[PDB]
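In UniProt numbering, the protein residues as written are 322 to 463, 467 to 487, 506 to 580, 593 to 714.
Next comes the structure, spelled out in structure tokens:
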């Protein structure tokens, strides 16, 4: 009746964990490393994005895969912005009005027509006019990424370029990163694994990662307003710790960061599913674990930056392997077991928290 297909190369970091988890929580279901000619039994195919069969997922209810079909509205940072913007319009109280770093796409030919480019992206103009945020002007192709806060400052940046490439991203900039003693003043972002299961349950994995920058954070001035110069200089010539292990963050601040994360994830999936534009279409026979990247400011406030599909789970060390082992244990015991008509395995003080449930 039941079948499990694991087409992931045996060299991949998650192979051993997935096999132990399939063995433990689905002992009666055989594991195969090859997709059969036809799917005539209920099956779960855990593969790399390209190995999965999207046509058999939308047409055959027997075939279950570790991916959704329509997820562009959240995994694409341009479209993510649109999903959030259109949702906050009718949802003023939403955490997403604070917990998201907006980005915009601008096309500027010459500095003298900067005002026309700001009209061709009216959302951006209004934001810059509000004068409440810091911004970064990133040339989409790698004259250096520069900081500004006002239209005149942006105008002066463009004027100085004239005395190249025309596409640019204007991304909200966090001038305020949380700087910890123990990390020797190196900033970090949070990688949070989020598992969507069927139509629709959203599960946030509470054992999160803090990925630190190599160098000590140096805030830019007006004399020097560029960042990642070593990246633009590179074209002219051709640390990971578990978040909860950071004790310089008081425990109640760590809990508030978790609360904000669960709220932001829940709100995003409500936004994604309900938008009147391009939306996330949950499938009953799909599950997917995404990599949510959040920035933390010096006031312990989170800011969603992006959602990454098929994230690299590869780590080094025993403590980080334990983290990934418990992740795939929860995914298999809670999300995979029910698609084989087996009850979801529950254990007290779970780190796999259900943050949203939709009945559809």
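Don't be surprised by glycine CBs; every beta carbon is placed ideally from N, CA and C.
How many whole angstroms separate the CB atoms of residue i and residue j, which I take to be in contact at a CB cut-off of 8 Å?
i           : j           : result
residue 554 : residue 533 : Not confirmed; about 11 Å, so no contact.
residue 457 : residue 471 : 6 Å
residue 574 : residue 424 : At roughly 20 Å, the Cβ-Cβ gap does not stay under 8 Å, so residue 574 and residue 424 are not in contact.
residue 682 : residue 373 : Incorrect: roughly 17 Å between the Cβ atoms, too far for contact.
residue 444 : residue 526 : About 38 Å separates the two Cβ atoms, so there is no contact after all.
residue 370 : residue 388 : 6 Å
residue 652 : residue 557 : That pair is no contact at about 18 Å.
Who are the near neighbours of residue i in its chain, counting only those whose CB is closer than 8 Å to its CB and skipping five residues on each side?
i           : result
residue 638 : 382, 540 and 541
residue 708 : 543, 544 and 545
residue 355 : 326 and 328
residue 680 : 549 and 705
Just to confirm my understanding: we take residue i, look at its own chain, exclude 5 residues before and 5 after, and list those with CB closer than 7 Å. What are they?
i           : result
residue 378 : 384, 386, 390, 637, 639 and 640
residue 615 : 534, 546, 648 and 656
residue 420 : 614, 618, 656, 657 and 658
residue 692 : 698
residue 567 : 470 and 471
residue 375 : 390
residue 564 : none
What span of residues does the alpha helix (DSSP H) with residue i cover, start to end?
i           : result
residue 625 : 605-628
residue 342 : 336-346
residue 481 : 475-486
residue 449 : 443-451
residue 435 : 435-440
For the beta strand (DSSP E) that contains residue i, what are its first and last residues?
i           : result
residue 662 : 656-662
residue 323 : 323-327
residue 642 : 641-650
residue 711 : 706-711
residue 510 : 509-515
residue 682 : Here residue 682 belongs to no beta strand (DSSP E); instead the alpha helix (DSSP H) covers 672-684.
residue 367 : 363-367
residue 459 : 455-460
residue 470 : 469-472
residue 594 : 594-596
Are residue i and residue j closer than 8 Å when you measure CB to CB?
i           : j           : result
residue 325 : residue 343 : yes
residue 422 : residue 658 : yes
residue 459 : residue 510 : yes
residue 617 : residue 549 : no
residue 603 : residue 677 : no
residue 654 : residue 520 : yes
residue 404 : residue 629 : yes
residue 537 : residue 643 : yes
residue 674 : residue 619 : no
residue 512 : residue 427 : yes
residue 394 : residue 632 : yes
residue 625 : residue 417 : yes
residue 323 : residue 350 : yes
residue 710 : residue 623 : yes
residue 723 : residue 686 : Examination of residue 723 is not possible in this model, given that the chain is present from 322 through 714 alone.
residue 437 : residue 446 : no
residue 664 : residue 392 : no
residue 650 : residue 688 : no
residue 552 : residue 485 : no
residue 467 : residue 435 : no
Residues in the same chain with beta-carbon distance under 6 Å from residue i, minus the five sequence neighbours each way, listed in chain order, please.
i           : result
residue 660 : 398 and 647
residue 334 : 667 and 668
residue 449 : 475
residue 454 : 514
residue 401 : 395
residue 607 : 654
residue 415 : 409 and 621
residue 662 : 645
Hey, is residue i close to the ligand FMN, as in C-beta under 7 Å from one of its heavy atoms?
i           : result
residue 679 : Summarising the ligand content, the structure contains no ligands, and the ligand FMN is consequently not present.
Of all the beta strand (DSSP E) runs that stay within the bounds of the stretch 371-429, which reach a length of 3 or more residues? For the stretch 371-429, the full-length beta strand (DSSP E) segments reaching 3 residues or more read 384-386 and 424-428 along the chain.
Please list the segments of the beta strand (DSSP E) lying wholly inside the stretch 525-571, counting only runs of 3 or more residues, in order along the chain. Listed in chain order, they are 530-539, 543-547 and 551-554.
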